[PDB]
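**Q** Just passing along the structure, written as structure tokens.
Heads up, the Cβs are rebuilt from the backbone with ideal geometry, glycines too, and the neighbour counts pull from every protein chain shown. Read-outs: derived from the displayed coordinates by stated rules, not from any lab.
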């Protein structure tokens with residue numbers, strides 16, 4: 001039932017630039033939102049949890065925020081190692097609407 | 001109707017199981033440990049409560 | 001400490017029942033959500049379902065219901081593909097939620113399933 005609409009599909013940013021990734025929830029999820037980073041051949045890595053908390057071992061440049069239905073992943077000072085694909089995860093397994101991933105955002109660094 | 005009715009029953013059964021996984025501590029003698037155990041117990045109860053409140057709200061509209 | 005290892009990934013003909021296993025080790029917690037996530041080659045992550053480990057509480061994505069069965073064992077969580085199709089070609093990962101807050105902190109390296117006729 002829950003659909004997470006993730007925009008944009010792809011982003012190209014030079015080193016030191018700011019990256020904004022958005023996820024729109026089809027239902028009210030509150031703080032039930034997390035952000036993940038995936039590089040080719042590797043499983044995803046947790047970046048943000050409870051919509052706005054920085055996960056342990058994640059650079060300070062990764063910022064999460066949310067207001068109602070809209071959620072944002074900001075990477076302030078993009079580094080070459082930040083070239084990856086990004087995903088949001090909304091909801092809860094036992095919620096009426098279940099849990100769901102966004103379509104993902106492929107980040108390329110200039 | 002029936003899918004949502006089953007889910008809600010499955011969700012409440014899960015909520016009850018979460019409360020049952022947090023039994024109250026049994027020493028009743030302090031011992032700084034009994035104080036630390038109760039603080040730990042309370043945090044977990046507040047957490048199960050908010051999860052339950054949130055899960056249930058998804059079924060209420 | 002906490003570790004997840006998935007196995008069972010094979011090449012299967014469509015309709016051949018297949019079971020994948022998530023070996024669960026080093027978890028201090030008794031009960032927690034053990035989730036199944038899939039990724040078709042060159043595609044995005046998709047939630048399949050989860051089981052809350054202490055119980056028998058199984059939860060499935062709208063599309064996953066009937067086609068997938070998550071089962072809990074003492075030291076494992078399995079994902080059975082009842083009747084796979086070409087659309088089920090993916091790497092299957094297991095991911096554990098260590099807080100009960102909904103987010104995935106620990107992931108397995110994945111197991112590849114290929115479904116071809």
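**Q** Can you pull out every residue in segment A:8-35 that is within 14 Å of the chain's Cα centre (by Cα), within 12 Å of chain C (Cβ to nearest Cβ) and without any contact (Cβ under 8 Å) to a residue 60 or more places away in the chain?
**A** Result: A:31, A:33, A:34, A:35.
**Q** For the structure I just gave you, tell me whether residue A:34 is in contact with a strand residue (DSSP E or B) (Cβ under 9 Å, 6 or more places away or on another chain) and closer than 27 Å to residue C:65 by Cβ. Give the steps one after another, and end with the answer.
**A** On the way: in contact with a strand residue (DSSP E or B) (Cβ under 9 Å, 6 or more places away or on another chain): yes; closer than 27 Å to residue C:65 by Cβ: yes.
Yes.
Each row is one residue, and each column tells you yes or no for (1) within 14 Å of chain C (Cβ to nearest Cβ); (2) in a loop (DSSP other than H, G, I, E, B); (3) loosely packed, with under 14 Cβ neighbours inside 10 Å; (4) more than 20 Å from the chain's Cα centre (by Cα).
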position	(1), (2), (3), (4)
B:3	yes, no, yes, yes
B:8	yes, no, no, no
B:14	yes, no, no, no
B:24	no, yes, yes, no
B:28	no, yes, yes, yes
B:33	no, no, yes, yes
B:36	no, no, yes, no
B:40	yes, no, yes, no
B:43	yes, no, yes, no
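Listed here are the residues, each with its yes/no results for (1) under 25 Å from residue A:1 (Cβ atoms); (2) in a strand (DSSP E or B); (3) away from chain A (no Cβ under 11 Å).
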{"position": "C:22", "(1), (2), (3)": "no, yes, yes"}
{"position": "C:27", "(1), (2), (3)": "no, no, yes"}
{"position": "C:30", "(1), (2), (3)": "no, no, yes"}
{"position": "C:35", "(1), (2), (3)": "yes, yes, no"}
{"position": "C:43", "(1), (2), (3)": "yes, no, no"}
{"position": "C:46", "(1), (2), (3)": "yes, yes, no"}
{"position": "C:51", "(1), (2), (3)": "yes, yes, no"}
{"position": "C:54", "(1), (2), (3)": "no, no, yes"}
{"position": "C:59", "(1), (2), (3)": "yes, yes, no"}
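**Q** Moving to a separate point now. Within segment A:23-81, track down each residue that is within 17 Å of residue C:102 (Cα to Cα) and touching a helix residue (DSSP H, G or I) at 6+ places or on another chain (Cβ under 7 Å).
**A** Within segment A:23-81, A:30 is the sole residue that qualifies.
**Q** Residue check, residue A:91 against (1) at negative phi; (2) within 10 Å of another protein chain (Cβ to nearest Cβ); (3) surrounded by 19 or more Cβ atoms within 10 Å (Cβ to Cβ), all met but one. Which one?
**A** All conditions pass for residue A:91, except number (1).
**Q** Right, next: For segment C:71-117, enumerate the residues that are more than 11 Å from residue C:34 (Cα to Cα), surrounded by fewer than 17 Cβ atoms within 10 Å (Cβ to Cβ), out of contact with any strand residue (DSSP E or B) (no Cβ under 6 Å at 6 or more places or on another chain) and within 14 Å of chain A (Cβ to nearest Cβ).
**A** Residues satisfying the conditions are C:99, C:109.
**Q** Every residue in segment A:39-85 that is crowded, with 19+ Cβ neighbours inside 10 Å and over 14 Å from the mean Cα position of the chain (by Cα), please.
**A** Within segment A:39-85, A:43, A:78 meet the criteria.
**Q** Still on this structure, please answer the following. Within segment A:94-110, take every residue that is touching a residue at least 12 places away in the same chain (Cβ under 8 Å) and in contact with a helix residue (DSSP H, G or I) (Cβ under 8 Å, 6 or more places away or on another chain) and give me the one that is farthest from the other protein chains (Cβ to nearest Cβ). Quick ask: steps written out before the conclusion?
**A** Initial filter on segment A:94-110 (touching a residue at least 12 places away in the same chain (Cβ under 8 Å)): A:95-110.
Among the residues that remain, those that are also in contact with a helix residue (DSSP H, G or I) (Cβ under 8 Å, 6 or more places away or on another chain) are: A:95-97, A:107, A:109.
Numbers: A:95: 4, A:96: 4, A:97: 6, A:107: 14, A:109: 20 Å.
Within segment A:94-110, the match that is farthest from the other protein chains (Cβ to nearest Cβ) is A:109.
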